[PDB]
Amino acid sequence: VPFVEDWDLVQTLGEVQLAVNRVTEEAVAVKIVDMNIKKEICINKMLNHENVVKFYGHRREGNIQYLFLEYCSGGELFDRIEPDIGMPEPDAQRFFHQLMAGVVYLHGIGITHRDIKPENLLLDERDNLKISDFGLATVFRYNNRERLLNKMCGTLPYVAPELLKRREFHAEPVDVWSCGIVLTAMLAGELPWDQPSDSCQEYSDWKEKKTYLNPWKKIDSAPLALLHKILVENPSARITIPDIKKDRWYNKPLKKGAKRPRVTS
């Protein structure tokens, strides 16, 4: 079929550009990197999950690398969070379920994202969450042997406290922590602290169990009980994802199905 390989760059998404196929009108996201990127491509070629952004391929045109990635028309989870409010609890629960399915998948194949935040959580046209941007991602398990991490990666409000206080740390609890900060942001519409350090007053209040303060007073006791188990300073005592899957709020029926058309009589 002639022209099937031509894509028009129609708009800047974030550089990330929206590409449309000349013939089929299929939309893809094209990440343009004008020369860490070789690691992003390698990690992307391993990924295949409904809650992880699809990788279609790559092309090197001199100093510029073009990455063909899934287009998610719903945009960023970030823009579904109302400041100081958040979002309805059933929506947050569904996005957290889909976040866990994605993270279970990544950890299962020995990959840690290292930068889970709402900006990197994208939504398709049906509002299905997809983990995106594997630029900071790395291999923490290979040939069934775990590699402890030591590089400081991520975004300060979402990083686990061990990443700031320890020389080495396990990868999986770091991603679990960041998922709990994402859950906080979805239910309160605010970030609890600038960084999880004892010098940060809000972080000290959380360790002092002062849940009568913001953001915790905006959060119902069932999801807050889950946050009490995720945002545990000791990474060895922190809840694991198999046990997040057994939490009472995680399994609480809250969300109705997708609206489906219906008539009467």
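Residues carry their position along the shown sequence, with the first being 1.
According to the record, the deposited sequence contains 4 to 9 residues between residue 35 and residue 36 that were left without coordinates. According to the PDB entry, the deposited sequence contains 4 to 9 residues between residue 14 and residue 15 that lack coordinates. When the C-alpha B-factors of 144 to 152 and 171 to 179 are averaged, 144 to 152 comes out higher. Averaged over CA atoms, B-factors in the entry run higher in 67 to 75 than in the other of 96 to 104 and 67 to 75. Among 50, 205, 61, 233, the highest C-alpha B-factor in the deposited entry belongs to 61.
The entry lists a Cα temperature factor for residue 57 that places it in the highest third of the chain's modelled residues. For residue 125, the recorded CA temperature factor ranks within the highest third of the chain's modelled residues. In this PDB entry, the Cα temperature factor of residue 217 sits in the middle third of its chain's modelled residues. In the PDB entry, a CA B factor belonging to the highest third of its chain's modelled residues is recorded for residue 31. For residue 10, the recorded CA temperature factor ranks within the highest third of the chain's modelled residues.
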